[PDB]
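For reference, the structure discussed in these notes is given below.
All heavy atoms count here, side chains included; hydrogens, waters and symmetry mates do not. A, B, ... follow the sequence lines: proteins, then strands. Residue 1 opens every chain.
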Amino acid sequence: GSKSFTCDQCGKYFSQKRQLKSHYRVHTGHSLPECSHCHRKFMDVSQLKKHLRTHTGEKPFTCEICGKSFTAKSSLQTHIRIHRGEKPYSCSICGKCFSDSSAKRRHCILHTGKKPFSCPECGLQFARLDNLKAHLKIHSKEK
DNA sequence: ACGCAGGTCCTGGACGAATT
DNA sequence: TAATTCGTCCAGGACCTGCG
Ligand SMILES: [Zn+2]
Ligand SMILES: [Zn+2]
Ligand SMILES: [Zn+2]
Ligand SMILES: [Zn+2]
Ligand SMILES: [Zn+2]
(Lines give C-alpha, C1' and ligand atoms only; values in the text may rest on other atoms or scores of the structure.)
(Ligands and ions follow the chains in the order given, each with its own letter.)
Protein backbone atom coordinates (compact mmCIF):
# COMPACT_ATOMS: atom_id res chain seq x y z
CA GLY A 1 0.00 0.00 0.00
CA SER A 2 2.91 2.34 -0.66
CA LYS A 3 2.10 5.84 -1.92
CA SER A 4 4.79 7.86 -3.70
CA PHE A 5 2.78 10.66 -5.37
CA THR A 6 2.20 13.78 -3.26
CA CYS A 7 0.15 16.91 -3.91
CA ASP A 8 2.31 20.03 -3.70
CA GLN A 9 -0.71 22.02 -2.43
CA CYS A 10 -2.18 20.00 0.46
CA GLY A 11 0.32 17.15 0.85
CA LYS A 12 -2.09 14.24 0.33
CA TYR A 13 -0.61 10.94 -0.82
CA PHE A 14 -1.65 8.83 -3.80
CA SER A 15 -0.51 5.47 -5.15
CA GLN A 16 -0.91 6.38 -8.84
CA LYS A 17 -0.14 9.55 -10.77
CA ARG A 18 -3.62 9.41 -12.32
CA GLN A 19 -5.10 9.61 -8.82
CA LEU A 20 -2.98 12.68 -8.04
CA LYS A 21 -4.05 14.46 -11.23
CA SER A 22 -7.73 13.77 -10.50
CA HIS A 23 -7.33 15.16 -6.98
CA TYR A 24 -5.37 18.19 -8.21
CA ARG A 25 -8.58 19.49 -9.83
CA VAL A 26 -9.74 20.61 -6.37
CA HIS A 27 -7.02 23.29 -6.36
CA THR A 28 -7.05 24.37 -10.02
CA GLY A 29 -10.74 23.88 -10.80
CA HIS A 30 -9.78 22.29 -14.13
CA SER A 31 -12.33 19.71 -15.33
CA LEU A 32 -14.51 20.12 -12.24
CA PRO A 33 -18.31 19.88 -12.61
CA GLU A 34 -19.28 23.17 -14.27
CA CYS A 35 -22.72 24.77 -14.16
CA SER A 36 -24.14 25.34 -17.64
CA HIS A 37 -25.75 28.64 -16.57
CA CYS A 38 -23.10 30.62 -14.67
CA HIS A 39 -20.07 28.37 -15.42
CA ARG A 40 -18.94 28.30 -11.81
CA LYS A 41 -17.38 25.02 -10.72
CA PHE A 42 -18.07 22.64 -7.85
CA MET A 43 -16.29 19.72 -6.26
CA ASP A 44 -18.72 17.01 -7.38
CA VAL A 45 -21.91 16.69 -9.40
CA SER A 46 -24.07 16.52 -6.27
CA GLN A 47 -22.87 19.96 -5.14
CA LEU A 48 -23.57 21.20 -8.67
CA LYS A 49 -27.16 19.91 -8.56
CA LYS A 50 -27.55 21.69 -5.23
CA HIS A 51 -26.34 24.97 -6.75
CA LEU A 52 -28.68 24.46 -9.71
CA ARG A 53 -31.58 25.45 -7.44
CA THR A 54 -30.08 28.94 -7.00
CA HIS A 55 -31.05 29.63 -10.63
CA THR A 56 -34.51 28.02 -10.49
CA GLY A 57 -35.63 29.23 -7.06
CA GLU A 58 -36.69 25.70 -6.12
CA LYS A 59 -37.14 25.16 -2.36
CA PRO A 60 -37.85 21.44 -1.93
CA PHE A 61 -37.76 21.35 1.90
CA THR A 62 -41.02 22.60 3.42
CA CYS A 63 -41.78 23.09 7.11
CA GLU A 64 -44.89 21.13 8.07
CA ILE A 65 -45.62 23.57 10.91
CA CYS A 66 -45.82 26.92 9.08
CA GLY A 67 -45.57 25.94 5.39
CA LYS A 68 -42.41 27.88 4.53
CA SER A 69 -39.96 26.21 2.15
CA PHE A 70 -36.17 26.20 2.11
CA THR A 71 -33.44 25.54 -0.43
CA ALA A 72 -31.53 23.12 1.82
CA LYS A 73 -32.58 20.43 4.27
CA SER A 74 -30.10 21.76 6.85
CA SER A 75 -31.81 25.16 6.67
CA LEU A 76 -35.17 23.52 7.38
CA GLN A 77 -33.64 21.65 10.32
CA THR A 78 -32.31 24.93 11.73
CA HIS A 79 -35.68 26.61 11.12
CA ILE A 80 -37.64 23.90 12.96
CA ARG A 81 -35.66 24.62 16.13
CA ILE A 82 -37.32 28.06 16.14
CA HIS A 83 -40.80 26.53 16.48
CA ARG A 84 -39.64 24.20 19.26
CA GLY A 85 -37.64 26.79 21.21
CA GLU A 86 -34.54 24.60 20.86
CA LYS A 87 -31.45 26.75 21.52
CA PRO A 88 -28.51 24.31 21.80
CA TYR A 89 -25.81 26.90 20.95
CA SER A 90 -24.64 29.07 23.85
CA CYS A 91 -21.86 31.61 24.25
CA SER A 92 -19.32 30.26 26.74
CA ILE A 93 -18.47 33.79 27.91
CA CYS A 94 -21.84 35.35 28.79
CA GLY A 95 -24.25 32.41 28.46
CA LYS A 96 -26.47 33.83 25.71
CA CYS A 97 -28.18 30.97 23.87
CA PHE A 98 -29.23 30.68 20.23
CA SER A 99 -31.15 28.31 18.00
CA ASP A 100 -28.98 29.40 15.04
CA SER A 101 -25.34 28.30 15.03
CA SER A 102 -24.17 31.27 12.95
CA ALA A 103 -25.95 33.69 15.29
CA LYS A 104 -23.95 32.21 18.17
CA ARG A 105 -20.65 32.37 16.27
CA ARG A 106 -21.40 35.96 15.23
CA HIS A 107 -22.22 37.00 18.81
CA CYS A 108 -19.06 35.48 20.31
CA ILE A 109 -16.86 37.74 18.16
CA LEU A 110 -18.26 40.75 20.03
CA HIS A 111 -16.33 39.70 23.15
CA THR A 112 -13.09 40.35 21.22
CA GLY A 113 -14.03 43.93 20.34
CA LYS A 114 -12.60 43.73 16.82
CA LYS A 115 -14.07 46.33 14.44
CA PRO A 116 -12.31 45.59 11.13
CA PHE A 117 -14.76 47.49 8.87
CA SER A 118 -14.16 51.25 8.68
CA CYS A 119 -16.35 53.73 6.81
CA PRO A 120 -14.26 55.34 4.03
CA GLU A 121 -16.23 58.60 4.39
CA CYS A 122 -16.20 59.36 8.13
CA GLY A 123 -14.00 56.63 9.65
CA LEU A 124 -16.66 55.02 11.84
CA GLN A 125 -15.60 51.44 12.61
CA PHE A 126 -18.00 48.49 12.68
CA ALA A 127 -17.73 44.90 13.87
CA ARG A 128 -19.90 43.69 10.96
CA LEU A 129 -19.77 44.43 7.24
CA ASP A 130 -23.56 44.48 6.80
CA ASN A 131 -23.84 47.26 9.38
CA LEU A 132 -21.16 49.28 7.58
CA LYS A 133 -23.11 48.84 4.33
CA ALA A 134 -26.27 50.14 6.02
CA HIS A 135 -24.28 53.01 7.53
CA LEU A 136 -23.03 54.11 4.10
CA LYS A 137 -26.66 54.64 3.04
CA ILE A 138 -26.68 57.62 5.42
CA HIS A 139 -23.92 59.26 3.37
CA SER A 140 -25.64 58.52 0.05
CA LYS A 141 -28.91 59.97 1.34
CA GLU A 142 -26.99 63.01 2.62
CA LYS A 143 -25.84 63.78 -0.94
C1' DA B 1 -31.04 59.48 14.70
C1' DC B 2 -28.74 55.55 14.23
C1' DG B 3 -25.39 52.36 16.21
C1' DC B 4 -26.13 47.82 18.03
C1' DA B 5 -27.03 43.14 17.58
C1' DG B 6 -30.21 39.38 17.38
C1' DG B 7 -33.55 36.86 13.81
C1' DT B 8 -33.60 34.49 9.75
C1' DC B 9 -32.25 31.80 5.71
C1' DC B 10 -29.31 31.39 1.52
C1' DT B 11 -24.78 29.48 -0.39
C1' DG B 12 -21.17 26.23 -0.89
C1' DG B 13 -16.84 24.04 0.83
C1' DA B 14 -15.64 20.01 3.97
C1' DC B 15 -15.85 15.26 4.65
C1' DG B 16 -17.50 10.87 5.83
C1' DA B 17 -21.43 7.78 3.96
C1' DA B 18 -23.66 5.66 0.36
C1' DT B 19 -23.78 4.20 -4.31
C1' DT B 20 -21.90 2.68 -8.69
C1' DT C 1 -12.01 -1.96 -3.56
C1' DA C 2 -11.75 2.32 -6.11
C1' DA C 3 -14.23 6.03 -8.11
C1' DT C 4 -18.14 8.60 -8.01
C1' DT C 5 -22.09 10.55 -6.05
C1' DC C 6 -24.74 11.69 -1.95
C1' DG C 7 -26.09 13.46 2.65
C1' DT C 8 -24.94 16.35 6.01
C1' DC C 9 -22.48 19.54 8.84
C1' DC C 10 -20.72 23.75 9.20
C1' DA C 11 -18.79 28.47 8.29
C1' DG C 12 -19.89 32.71 6.36
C1' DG C 13 -22.64 35.91 4.81
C1' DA C 14 -26.96 39.23 3.25
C1' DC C 15 -31.14 41.19 4.39
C1' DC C 16 -34.34 42.26 7.94
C1' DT C 17 -35.80 44.14 12.35
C1' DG C 18 -36.66 46.58 16.95
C1' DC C 19 -34.33 48.37 20.86
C1' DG C 20 -31.96 52.05 23.49
ZN1 LIG D 1 -4.07 18.60 -2.90
ZN1 LIG E 1 -24.80 28.23 -11.88
ZN1 LIG F 1 -41.89 26.62 10.04
ZN1 LIG G 1 -21.44 36.15 24.83
ZN1 LIG H 1 -19.50 57.03 7.62
Below 4.0 angstrom from OP1 or OP2 of B:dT11, is there any side-chain N or O of A:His51? no
What is the distance, rounded to the nearest whole Å, between atom NZ of A:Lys114 and atom P of C:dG12? 14 Å
Within this structure, what is the NZ-to-P distance between A:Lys73 and C:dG7, rounded to whole angstrom? 8 Å
Does A:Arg81 reach a base, just sugar-phosphate, or nothing at all? Heavy atoms under 4.0 Å. nothing
Quick check: on DNA chain B, is the nucleotide nearest A:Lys68 upstream (toward 5') of the one nearest A:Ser74, or the reverse? Name the residue that is more 5'. A:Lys68
A:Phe70 and A:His79 aromatic ring geometry - parallel, tilted or perpendicular at 30°/60° bounds: tilted
What nucleotide, of B:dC15, B:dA14, C:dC10, holds the atom closest to the side chain of A:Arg105? C:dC10
How close or far is atom P of B:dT19 from atom CG of A:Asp44, stated in whole angstroms? 16 Å
To the nearest Å, how far apart are A:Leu110 CG and B:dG6 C1'? 10 Å
Base, sugar-phosphate, or nothing: which does A:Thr54 touch, judged by heavy atoms less than 4.0 Å apart? sugar-phosphate
Residue-phosphate contact under 4.0 Å: A:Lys133 side-chain N/O, C:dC15 OP1/OP2: yes
What is the distance, rounded to the nearest whole Å, between atom NZ of A:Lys12 and atom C1' of B:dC15? 9 Å
Please report, rounded to the nearest Å, how far the P atom of B:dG13 is from the CZ atom of A:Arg25. 14 Å
Quick one: are A:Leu132 and A:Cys119 in side-chain contact, heavy atoms under 4.5 Å? yes
Considering only heavy side-chain atoms of A:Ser102, the closest of B:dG6, C:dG7, C:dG13 is C:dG13
Could you check whether any side-chain heavy atom of A:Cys7 comes within less than 4.5 Å of a side-chain heavy atom of A:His27, counting everything from C-beta outward? yes
Of the listed C:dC15, B:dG12, C:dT5, the closest approach to the A:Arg128 side chain comes from C:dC15
With sequence neighbours excluded, what pairs up with A:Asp44 under the salt bridge (charged side-chain N to carboxylate O under 4.0 Å, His left out) test? none
Measuring from atom CD1 of A:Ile82 to atom SG of A:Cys66, what distance do you get when rounded to the nearest 0.5 angstrom? 8.5 Å
Out of B:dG3, B:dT11, C:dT5, whichever nucleotide has its closest atom nearest the side chain of A:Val45: C:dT5
Can you tell me if A:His107 touches the phosphate of B:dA5, counting only side-chain N or O atoms and a distance under 4.0 Å to OP1 or OP2? no
Out of C:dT5, B:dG13, C:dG12, whichever nucleotide has its closest atom nearest the side chain of A:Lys50: B:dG13
Give a yes/no on whether any side-chain N or O of A:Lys59 is located under 4.0 angstrom from OP1 or OP2 of B:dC10. yes
Just compare C:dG7, B:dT8, B:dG12 and give me whichever is closest to any side-chain atom of A:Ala103. B:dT8
Are A:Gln77 and B:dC9 close enough that a side-chain N or O sits under 4.0 Å from OP1 or OP2? no
Between B:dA5, B:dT11, C:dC15, which one does the side chain of A:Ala72 approach most closely? B:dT11
Closer than 4.0 Å, any side-chain N/O of A:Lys104 to the OP1 or OP2 of B:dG6? no
Taking CG from A:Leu32 and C1' from C:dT4, how many angstroms apart are they, rounded to a whole number? 13 Å
Just the rounded figure in Å: distance from P of B:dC9 to CZ of A:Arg106. 13 Å
Interatomic distance, A:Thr54 atom OG1 to A:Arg40 atom CZ [nearest 0.5 angstrom]: 6.5 Å
Pair of N/O donor and acceptor under 3.5 Å linking C:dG7 base with A:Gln47 side chain: yes
Closest of B:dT8, C:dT4, C:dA14 to the A:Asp130 side chain is C:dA14
